[PDB]
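In the form deposited in one PDB entry, a lone chain appears below as structure tokens.
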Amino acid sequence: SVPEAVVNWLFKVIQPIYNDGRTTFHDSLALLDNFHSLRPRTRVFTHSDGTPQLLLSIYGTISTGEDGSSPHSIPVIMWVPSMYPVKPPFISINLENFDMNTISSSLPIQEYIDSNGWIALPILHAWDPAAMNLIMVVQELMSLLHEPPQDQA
């Protein structure tokens, strides 16, 4: 389980920041419970126009579906916007820790990444606030570390 001290800190830090604190709290905790390789922190986000904003961020690694001598995970940083779930999370690669020399360019990461390190996902282009959550975003991210199955005829 998520440690008690972290649960209570999460509730406290969310209240003053989030338009929908109940949803942000629940969904953040569900993400942490389902992905033990992720953990929370608060950080000042710098918006494009310069505006700073204190936000909850969830960071760690997600699975490549490989192990042994193969790369096992990719480091990521998610930011939960203050209007969540009306606005979806921002997702980035942790660039400083990205294993450029081992992770295969065969992973379609380059398809989805911008020059600033942000990841676009199809779920973000079909975002449905009432019916989606943070877990779904991470599950999709995991699926997009792989090229689709092809027509084999």
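Note that the rigid core is defined as the largest set of C-alphas that superpose within 1.5 Å between two forms. Position 1 is the first residue in the sequence shown; the rest follow in order.
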*Out of 104-112 and 119-127, which one has CA B-factors that are higher on average in the deposited record?*
104-112
*asked:* Mean Cα B factor from the PDB record: higher for 92-100, or higher for 64-72?
replied: 92-100
*Can you tell me which of 139, 15, 24, 133 has the highest Cα temperature factor in the record?*
15
*Considering only modelled residues of the same chain, in which third does the CA B-factor of residue 57 rank: lowest, middle or highest?*
lowest
*residue 1 - which third its CA temperature factor falls in, relative to the rest of the chain*: highest
*Consider only the C-alpha atoms of the modelled residues in this chain, order them by B-factor as the entry records it, and name the third containing residue 8: lowest, middle or highest.*
lowest
_Which third, lowest, middle or highest, does the C-alpha temperature factor of residue 34 belong to within its own chain?_
highest
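The form solved in complex with a partner chain exists for this protein as well; it is not shown, and the discussion that follows is about that form.
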*in the deposited bound form, the residue from 42, 34, 104, 94 that sits within 4.5 Å of its partner chain by heavy atoms*: 42
*Any chance all of 6, 13 and 16 sit within 4.5 Å of its partner chain in the deposited bound form, going by non-hydrogen atoms?*
yes
*Pick from 81-89, 43-51, 117-125, 61-69: which stretch has non-hydrogen atoms within 4.5 Å of its partner chain in the deposited bound form?*
43-51
*Per-residue C-alpha change between the shown form and the other one, residue 67, threshold 2 Å, rigid core fit*: yes
*Would you tell me if residue 44 moves between the shown form and the other one by 2 Å or more at its C-alpha, with the rigid core held superposed?*
no
*Indicate whether residue 99 shows a C-alpha shift of 2 Å or more between the shown form and the other one, with the rigid core used for the fit.*
yes
*asked:* So the CA-CA distance for residue 120 and residue 100 moves by at least 3 angstroms in the deposited bound form. Closer or farther than here?
replied: closer
*Do residue 148 and residue 129 move together or apart in the deposited bound form, judged by C-alpha distance changing 3 Å or more?*
farther
